[PDB]
Every structure is written in C-alpha cells, then in structure tokens.
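**Q** Below is the structure I would like to discuss, written out as structure tokens.
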Amino acid sequence: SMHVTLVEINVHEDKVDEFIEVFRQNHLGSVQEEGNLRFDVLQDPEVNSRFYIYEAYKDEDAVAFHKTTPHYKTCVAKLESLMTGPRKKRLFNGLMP
Amino acid sequence: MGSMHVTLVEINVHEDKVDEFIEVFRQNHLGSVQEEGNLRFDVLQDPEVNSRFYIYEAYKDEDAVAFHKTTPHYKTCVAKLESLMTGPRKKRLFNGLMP
C-alpha cells in the first residue's frame with residue numbers, strides 16, 4: 001500500500017522555534033506532492049526538543065521525487081545547524097488504508 | 001496540546017498468525033476510520049519482522065481517543081487478538097503540530 005517512514009529528530013533547546021518554522025515549509029510543500037499521503041509533524045509530549053516526522057508516499061517513485069524537491073533540499077540545509085545528533089529513521093510497510 | 005493526538009501502538013503476534021492478525025485487525029481499521037473523531041488509523045508492518053505491527057492512531061481530541069475503546073469493533077478486535085498477540089500492546093504518545 002504505502003511507503004512509510006517515521007524519523008526522530010532532536011534539536012538544540014534554543015532552536016525549537018526555528019526547527020518548527022523550517023519544517024513548516026517542508027510540510028507545506030510536501031503535502032502538495034502528487035504521491036504524498038501524509039507528512040505529519042509530531043512533537044514529543046515531554047521533550048519539547050524531540051520531533052517525529054510521519055511521512056507516507058504512494059510508492060517508491062514518490063519517495064524519490066520527494067528528495068529532489070526544492071522544499072526538501074532547503075530543509076536539509078537549514079536543519080544541519082539545528083540537530084543535537086543524527087536523525088533516527090524507521091521504515092514501515094503501510095498496509096492500511 | 002496539538003492539532004491532533006497520536007498514539008503509535010506496537011502489536012506483536014505469533015509468527016504463524018501474521019495473516020490472521022491482518023484479517024482481524026482490518027475490521028478495527030475500517031470501523032475506526034469511521035469514528036467522528038478519527039484522523040488516521042494507519043496499519044504499519046515492520047519490514048524486517050513480519051509479525052511486528054504499529055498502528056498510527058490519530059484523533060482530534062481525547063474524548064474521541066477514549067470513545068474508540070468503547071466501540072463494538074474495538075472490543076471484538078481485543079477479544080480476537082487474545083489468541084494472536086505475544087504479549088501486551090505497547091504505546092507511544094505524540095502531539096500533532098501539522099496538519
């Protein structure tokens with residue numbers, strides 16, 4: 001059904017707001033991609049500096065398209081100065097819907 | 001606290017019951033996406049462990065989160081997963097910011 005990834009991102013405490021602004025632009029573009037099914041931006045309820053991005057695409061070609069877009073490319077660039085460690089990704093097979 | 005309330009529920013089933021789990025859980029997915037409060041009830045499978053699933057349950061409010069657990073499809077699904085699950089479900093909670 002869907003190619004799904006949940007990425008955990010930890011950012012510096014003083015760059016929480018910057019991270020949300022940056023990711024807003026990635027969300028806004030990514031939800032408009034033709035093969036996008038979700039691009040949810042989640043925050044840990046206890047740790048204000050830890051975030052999870054829930055991305056779902058119809059297929060591999062869509063996943064791939066996503067990583068060529070200007071909104072993705074800008075995101076990655078603006079994120080380097082923000083993170084406290086490497087992102088932790090998990091892939092899933094989206095069975096339903 | 002969010003544009004939505006998300007619980008990621010991890011479920012692990014007997015290795016020879018992966019298909020039976022999908023058949024049962026299908027009906028909870030189909031009932032739960034009709035819940036007024038529901039925004040997602042995505043059913044995910046670990047690509048490396050076929051018998052490990054994660055349900056992304058996203059609701060508008062906490063009243064809806066609780067109401068889900070009163071429903072005939074939820075109760076039916078709990079009773080049928082008694083013989084399939086390898087132990088108790090595990091939950092992780094998140095606050096939605098977007099959308």
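As shown in the structure tokens, the chain order sets the letters A, B, ...; within each chain, residues go from 1, and ligands are also counted from 1 in the order they appear.
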Excluding residue 29 (chain B) and its own-chain neighbours fewer than 4 positions away, which residues fall within 9 Å of it when counting only C-alpha atoms? Please give them as a PyMOL selection string.

**A** (chain A and resi 96-97) or (chain B and resi 25+33-34+41-43+73)

**Q** Next, the residues of the selection above should be written as a PDB file, in the first residue's frame with N, CA, C and O atoms.

**A**
ATOM      1  N   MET A  96      -2.593  -0.468   5.585  1.00  0.00           N
ATOM      2  CA  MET A  96      -3.942   0.148   5.591  1.00  0.00           C
ATOM      3  C   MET A  96      -3.821   1.620   5.996  1.00  0.00           C
ATOM      4  O   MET A  96      -3.057   1.943   6.869  1.00  0.00           O
ATOM      5  N   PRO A  97      -4.625   2.510   5.382  1.00  0.00           N
ATOM      6  CA  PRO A  97      -5.656   2.252   4.327  1.00  0.00           C
ATOM      7  C   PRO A  97      -5.049   1.857   2.984  1.00  0.00           C
ATOM      8  O   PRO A  97      -3.839   1.880   2.768  1.00  0.00           O
TER       9      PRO A  97
ATOM     10  N   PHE B  25      -7.576  -7.425  12.173  1.00  0.00           N
ATOM     11  CA  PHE B  25      -7.321  -6.005  12.573  1.00  0.00           C
ATOM     12  C   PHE B  25      -7.926  -5.118  11.480  1.00  0.00           C
ATOM     13  O   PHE B  25      -8.236  -3.999  11.715  1.00  0.00           O
ATOM     14  N   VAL B  33     -11.654   4.216  11.215  1.00  0.00           N
ATOM     15  CA  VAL B  33     -11.643   5.417  10.291  1.00  0.00           C
ATOM     16  C   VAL B  33     -13.040   6.085  10.126  1.00  0.00           C
ATOM     17  O   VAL B  33     -13.115   7.265   9.661  1.00  0.00           O
ATOM     18  N   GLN B  34     -14.123   5.400  10.533  1.00  0.00           N
ATOM     19  CA  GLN B  34     -15.487   5.996  10.508  1.00  0.00           C
ATOM     20  C   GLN B  34     -15.846   6.752  11.797  1.00  0.00           C
ATOM     21  O   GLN B  34     -16.872   7.462  11.868  1.00  0.00           O
ATOM     22  N   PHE B  41      -5.846   5.973  11.139  1.00  0.00           N
ATOM     23  CA  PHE B  41      -5.763   4.707  11.919  1.00  0.00           C
ATOM     24  C   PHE B  41      -4.988   3.818  10.999  1.00  0.00           C
ATOM     25  O   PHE B  41      -5.517   2.785  10.535  1.00  0.00           O
ATOM     26  N   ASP B  42      -3.749   4.255  10.706  1.00  0.00           N
ATOM     27  CA  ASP B  42      -2.912   3.590   9.741  1.00  0.00           C
ATOM     28  C   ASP B  42      -2.321   2.286  10.332  1.00  0.00           C
ATOM     29  O   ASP B  42      -1.812   2.276  11.410  1.00  0.00           O
ATOM     30  N   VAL B  43      -2.295   1.239   9.529  1.00  0.00           N
ATOM     31  CA  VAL B  43      -1.799  -0.059   9.997  1.00  0.00           C
ATOM     32  C   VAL B  43      -0.458  -0.300   9.293  1.00  0.00           C
ATOM     33  O   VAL B  43      -0.430  -0.451   8.069  1.00  0.00           O
ATOM     34  N   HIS B  73     -16.370  -2.637  17.341  1.00  0.00           N
ATOM     35  CA  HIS B  73     -15.261  -3.160  16.544  1.00  0.00           C
ATOM     36  C   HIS B  73     -13.972  -3.240  17.354  1.00  0.00           C
ATOM     37  O   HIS B  73     -13.200  -4.197  17.163  1.00  0.00           O
TER      38      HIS B  73
END

**Q** Please determine the contact residues of chain A with respect to chain B at a cut-off of 7 Å, counting only C-alpha atoms, and supply them as a PyMOL selection string.

**A** chain A and resi 40-45+92-97

**Q** Write a file of the just-selected residues containing C-alpha atoms, as a compact mmCIF listing (two decimals), in the first residue's frame.

**A**
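The resulting result_22.txt:
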# COMPACT_ATOMS: atom_id res chain seq x y z
CA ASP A 40 2.70 14.85 9.81
CA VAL A 41 4.99 16.79 12.06
CA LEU A 42 4.76 15.49 15.65
CA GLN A 43 6.35 16.68 18.90
CA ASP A 44 7.20 14.58 21.94
CA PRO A 45 4.79 15.48 24.82
CA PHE A 92 7.40 0.60 7.59
CA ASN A 93 5.21 -1.14 5.12
CA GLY A 94 1.86 0.83 5.13
CA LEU A 95 -0.78 -1.87 4.87
CA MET A 96 -3.94 0.15 5.59
CA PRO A 97 -5.66 2.25 4.33

**Q** Hey, can you check how far CA of residue 31 (chain B) sits from CA of residue 91 (chain A)?

**A** 25.7 Å

**Q** So the first atom is CA of residue 28 (chain A) and the second is CA of residue 63 (chain A); what is the distance between them in Å, to one decimal place?

**A**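 Atom-to-atom, CA of residue 28 (chain A) and CA of residue 63 (chain A) are spaced 16.1 Å apart.
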
**Q** Quick check, in Å to one decimal: how far apart do CA of residue 19 (chain A) and CA of residue 49 (chain A) lie?

**A**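 These atoms are spaced 9.1 Å apart.
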
**Q** Within 10 Å of region 7-15 of chain A, counting only C-alpha atoms, which residues qualify if same-chain residues fewer than 6 places away don't, as a ChimeraX atom specification?

**A** /A:21,41-44,47-55,79-91

**Q** Would you export the selected residues with N, CA, C and O atoms as a CSV table (one decimal), in the first residue's frame, please?

**A**
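Resulting contents of result14.csv:
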chain,number,residue,atom,x,y,z
A,21,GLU,N,9.5,26.4,12.3
A,21,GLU,CA,9.4,27.2,11.1
A,21,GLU,C,10.0,26.6,9.9
A,21,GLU,O,9.4,26.6,8.8
A,41,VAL,N,3.8,16.3,11.3
A,41,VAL,CA,5.0,16.8,12.1
A,41,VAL,C,4.5,16.8,13.5
A,41,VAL,O,3.5,17.5,13.9
A,42,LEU,N,5.1,15.8,14.3
A,42,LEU,CA,4.8,15.5,15.7
A,42,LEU,C,5.8,16.0,16.6
A,42,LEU,O,7.0,16.1,16.3
A,43,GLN,N,5.4,16.2,17.8
A,43,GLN,CA,6.3,16.7,18.9
A,43,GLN,C,6.2,15.8,20.1
A,43,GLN,O,5.0,15.4,20.4
A,44,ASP,N,7.3,15.4,20.7
A,44,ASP,CA,7.2,14.6,21.9
A,44,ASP,C,6.5,15.4,23.0
A,44,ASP,O,6.7,16.6,23.2
A,47,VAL,N,9.4,16.2,25.9
A,47,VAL,CA,10.7,16.7,25.5
A,47,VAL,C,10.4,17.6,24.3
A,47,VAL,O,10.2,17.1,23.2
A,48,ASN,N,10.4,18.9,24.5
A,48,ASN,CA,10.0,19.9,23.6
A,48,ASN,C,11.0,19.9,22.3
A,48,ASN,O,10.7,20.4,21.2
A,49,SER,N,12.2,19.4,22.6
A,49,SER,CA,13.2,19.4,21.5
A,49,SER,C,13.3,18.1,20.7
A,49,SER,O,14.1,18.0,19.8
A,50,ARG,N,12.3,17.2,20.8
A,50,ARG,CA,12.4,16.0,20.1
A,50,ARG,C,11.1,15.9,19.2
A,50,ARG,O,10.0,16.1,19.8
A,51,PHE,N,11.3,15.6,17.9
A,51,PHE,CA,10.2,15.7,17.0
A,51,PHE,C,10.2,14.4,16.2
A,51,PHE,O,11.2,13.7,16.1
A,52,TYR,N,9.0,14.1,15.6
A,52,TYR,CA,8.9,12.9,14.8
A,52,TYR,C,8.2,13.3,13.5
A,52,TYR,O,7.2,14.0,13.6
A,53,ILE,N,8.7,12.9,12.4
A,53,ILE,CA,8.0,13.2,11.1
A,53,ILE,C,7.5,11.9,10.5
A,53,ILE,O,8.2,11.0,10.3
A,54,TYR,N,6.2,11.9,10.3
A,54,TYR,CA,5.4,10.8,9.8
A,54,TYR,C,5.2,11.0,8.3
A,54,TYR,O,4.3,11.8,7.9
A,55,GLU,N,6.0,10.3,7.4
A,55,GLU,CA,5.9,10.6,6.0
A,55,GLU,C,5.3,9.3,5.3
A,55,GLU,O,5.8,8.2,5.5
A,79,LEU,N,18.4,22.5,8.5
A,79,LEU,CA,18.4,21.6,9.6
A,79,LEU,C,19.8,21.3,10.2
A,79,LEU,O,19.9,21.1,11.4
A,80,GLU,N,20.9,21.3,9.4
A,80,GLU,CA,22.2,21.0,9.9
A,80,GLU,C,22.6,21.7,11.2
A,80,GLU,O,23.1,21.1,12.1
A,81,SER,N,22.4,23.0,11.2
A,81,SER,CA,22.8,23.8,12.4
A,81,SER,C,21.9,23.5,13.6
A,81,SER,O,22.1,24.0,14.7
A,82,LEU,N,20.8,22.7,13.4
A,82,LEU,CA,19.8,22.6,14.5
A,82,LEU,C,19.9,21.3,15.3
A,82,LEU,O,19.4,21.3,16.4
A,83,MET,N,20.5,20.3,14.8
A,83,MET,CA,20.3,19.0,15.3
A,83,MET,C,21.3,18.6,16.4
A,83,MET,O,22.4,19.0,16.3
A,84,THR,N,20.9,17.8,17.4
A,84,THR,CA,21.8,17.5,18.5
A,84,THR,C,22.5,16.2,18.3
A,84,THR,O,23.5,16.0,18.9
A,85,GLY,N,22.0,15.5,17.4
A,85,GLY,CA,22.5,14.2,16.9
A,85,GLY,C,21.9,13.8,15.6
A,85,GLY,O,20.9,14.4,15.2
A,86,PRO,N,22.4,12.7,15.0
A,86,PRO,CA,21.9,12.2,13.7
A,86,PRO,C,20.4,11.8,13.8
A,86,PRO,O,19.9,11.5,14.8
A,87,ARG,N,19.7,11.9,12.7
A,87,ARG,CA,18.3,11.5,12.7
A,87,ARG,C,18.2,10.0,12.7
A,87,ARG,O,19.2,9.3,12.2
A,88,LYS,N,17.2,9.5,13.4
A,88,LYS,CA,16.9,8.1,13.5
A,88,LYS,C,15.7,7.8,12.7
A,88,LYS,O,14.6,8.3,13.0
A,89,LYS,N,15.8,7.0,11.7
A,89,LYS,CA,14.7,6.7,10.8
A,89,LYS,C,14.3,5.2,10.9
A,89,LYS,O,15.1,4.3,11.1
A,90,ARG,N,12.9,5.0,10.9
A,90,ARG,CA,12.4,3.7,10.7
A,90,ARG,C,11.4,3.7,9.6
A,90,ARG,O,10.6,4.5,9.4
A,91,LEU,N,11.6,2.6,8.8
A,91,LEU,CA,10.7,2.4,7.6
A,91,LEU,C,9.7,1.4,8.0
A,91,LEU,O,10.0,0.4,8.8

**Q** Identify all residues of chain A in alpha helix (DSSP H) (DSSP on the backbone) and supply them as a PyMOL selection string.

**A** chain A and resi 16-30+60-66+70-79

**Q** Using only C-alpha atoms, which residues sit within 9 Å of residue 65 (chain B) once same-chain residues fewer than 5 positions away are excluded, as a CSV table (one decimal) with N, CA and C atoms, in the first residue's frame?

**A**
chain,number,residue,atom,x,y,z
B,5,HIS,N,-4.0,14.2,18.4
B,5,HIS,CA,-3.5,13.4,19.5
B,5,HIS,C,-3.1,12.1,18.8
B,37,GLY,N,-14.3,11.3,15.5
B,37,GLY,CA,-13.0,12.0,15.9
B,37,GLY,C,-11.8,11.5,15.2
B,38,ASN,N,-11.8,10.5,14.3
B,38,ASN,CA,-10.6,9.9,13.7
B,38,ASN,C,-10.0,10.7,12.6
B,57,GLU,N,-2.6,5.9,15.4
B,57,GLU,CA,-3.9,6.3,15.7
B,57,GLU,C,-4.0,7.8,16.0
B,58,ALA,N,-4.6,8.5,15.1
B,58,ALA,CA,-4.6,10.0,15.3
B,58,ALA,C,-6.0,10.5,15.4
B,59,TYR,N,-6.3,11.2,16.5
B,59,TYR,CA,-7.6,11.7,16.8
B,59,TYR,C,-7.5,13.2,17.1
B,60,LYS,N,-8.7,13.8,16.9
B,60,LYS,CA,-8.8,15.2,17.1
B,60,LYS,C,-8.7,15.7,18.5

**Q** Quick check for you: according to DSSP on this backbone, which residues of chain B are classed as strand (DSSP E)? Reply as a PyMOL selection string.

**A** chain B and resi 4-12+38-45+52-59+90-98

**Q** Take the selection from the previous step and output its residues with N, CA and C atoms, as a short mmCIF file (atom, residue, chain, number, x, y, z; two decimals), in the first residue's frame.

**A**
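Final file, again03.cif:
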data_model
loop_
_atom_site.label_atom_id
_atom_site.label_comp_id
_atom_site.auth_asym_id
_atom_site.auth_seq_id
_atom_site.Cartn_x
_atom_site.Cartn_y
_atom_site.Cartn_z
N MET B 4 -3.52 17.42 16.69
CA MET B 4 -4.11 16.09 16.87
C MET B 4 -3.38 15.30 17.95
N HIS B 5 -4.01 14.24 18.43
CA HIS B 5 -3.47 13.38 19.46
C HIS B 5 -3.14 12.06 18.76
N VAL B 6 -1.87 11.63 18.88
CA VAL B 6 -1.40 10.42 18.15
C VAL B 6 -0.85 9.44 19.17
N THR B 7 -1.28 8.21 19.01
CA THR B 7 -0.71 7.11 19.74
C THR B 7 -0.22 6.16 18.67
N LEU B 8 1.04 5.74 18.72
CA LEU B 8 1.59 4.69 17.92
C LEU B 8 1.56 3.41 18.79
N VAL B 9 0.75 2.43 18.40
CA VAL B 9 0.57 1.20 19.19
C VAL B 9 1.34 0.07 18.47
N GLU B 10 2.31 -0.54 19.18
CA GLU B 10 3.06 -1.68 18.71
C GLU B 10 2.38 -2.99 19.12
N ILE B 11 2.18 -3.90 18.16
CA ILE B 11 1.48 -5.14 18.43
C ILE B 11 2.37 -6.20 17.86
N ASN B 12 2.52 -7.37 18.54
CA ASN B 12 3.44 -8.38 18.04
C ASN B 12 2.61 -9.62 18.18
N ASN B 38 -11.84 10.51 14.30
CA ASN B 38 -10.62 9.94 13.74
C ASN B 38 -10.00 10.74 12.59
N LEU B 39 -8.67 10.89 12.62
CA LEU B 39 -7.91 11.47 11.52
C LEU B 39 -7.02 10.46 10.82
N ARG B 40 -6.45 9.44 11.53
CA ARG B 40 -5.69 8.38 10.86
C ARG B 40 -5.86 7.14 11.74
N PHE B 41 -5.85 5.97 11.14
CA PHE B 41 -5.76 4.71 11.92
C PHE B 41 -4.99 3.82 11.00
N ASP B 42 -3.75 4.25 10.71
CA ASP B 42 -2.91 3.59 9.74
C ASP B 42 -2.32 2.29 10.33
N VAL B 43 -2.30 1.24 9.53
CA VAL B 43 -1.80 -0.06 10.00
C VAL B 43 -0.46 -0.30 9.29
N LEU B 44 0.63 -0.32 10.07
CA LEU B 44 2.00 -0.43 9.55
C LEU B 44 2.67 -1.76 9.98
N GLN B 45 3.57 -2.27 9.13
CA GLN B 45 4.22 -3.60 9.33
C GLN B 45 5.72 -3.34 9.26
N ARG B 52 5.45 -7.98 13.53
CA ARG B 52 5.51 -6.79 14.33
C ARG B 52 4.76 -5.69 13.56
N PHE B 53 3.63 -5.24 14.11
CA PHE B 53 2.85 -4.14 13.55
C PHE B 53 2.79 -2.87 14.43
N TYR B 54 2.49 -1.71 13.80
CA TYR B 54 2.39 -0.45 14.53
C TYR B 54 1.17 0.28 13.93
N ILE B 55 0.28 0.78 14.80
CA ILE B 55 -0.92 1.37 14.37
C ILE B 55 -0.75 2.80 14.69
N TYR B 56 -0.87 3.64 13.67
CA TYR B 56 -0.77 5.07 13.93
C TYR B 56 -2.20 5.63 14.12
N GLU B 57 -2.55 5.94 15.37
CA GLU B 57 -3.93 6.29 15.72
C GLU B 57 -3.97 7.77 15.99
N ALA B 58 -4.60 8.54 15.10
CA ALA B 58 -4.55 9.99 15.26
C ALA B 58 -5.99 10.47 15.41
N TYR B 59 -6.27 11.16 16.50
CA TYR B 59 -7.60 11.65 16.80
C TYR B 59 -7.53 13.16 17.11
N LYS B 90 2.13 -2.03 23.25
CA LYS B 90 2.94 -1.01 23.82
C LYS B 90 2.53 0.27 23.16
N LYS B 91 2.56 1.36 23.90
CA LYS B 91 2.10 2.66 23.29
C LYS B 91 3.17 3.74 23.36
N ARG B 92 3.19 4.64 22.35
CA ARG B 92 3.99 5.87 22.44
C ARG B 92 3.03 6.97 21.96
N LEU B 93 3.08 8.10 22.68
CA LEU B 93 2.19 9.19 22.51
C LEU B 93 2.95 10.36 21.90
N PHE B 94 2.25 11.11 21.04
CA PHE B 94 2.80 12.29 20.39
C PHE B 94 1.75 13.34 20.23
N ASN B 95 2.20 14.57 20.22
CA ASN B 95 1.30 15.71 19.98
C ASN B 95 1.51 16.11 18.53
N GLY B 96 0.43 16.20 17.76
CA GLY B 96 0.49 16.63 16.36
C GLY B 96 0.70 18.13 16.32
N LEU B 97 1.57 18.61 15.45
CA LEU B 97 1.65 20.06 15.21
C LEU B 97 1.10 20.43 13.83
N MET B 98 1.26 19.55 12.85
CA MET B 98 0.82 19.81 11.47
C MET B 98 0.48 18.44 10.90
#
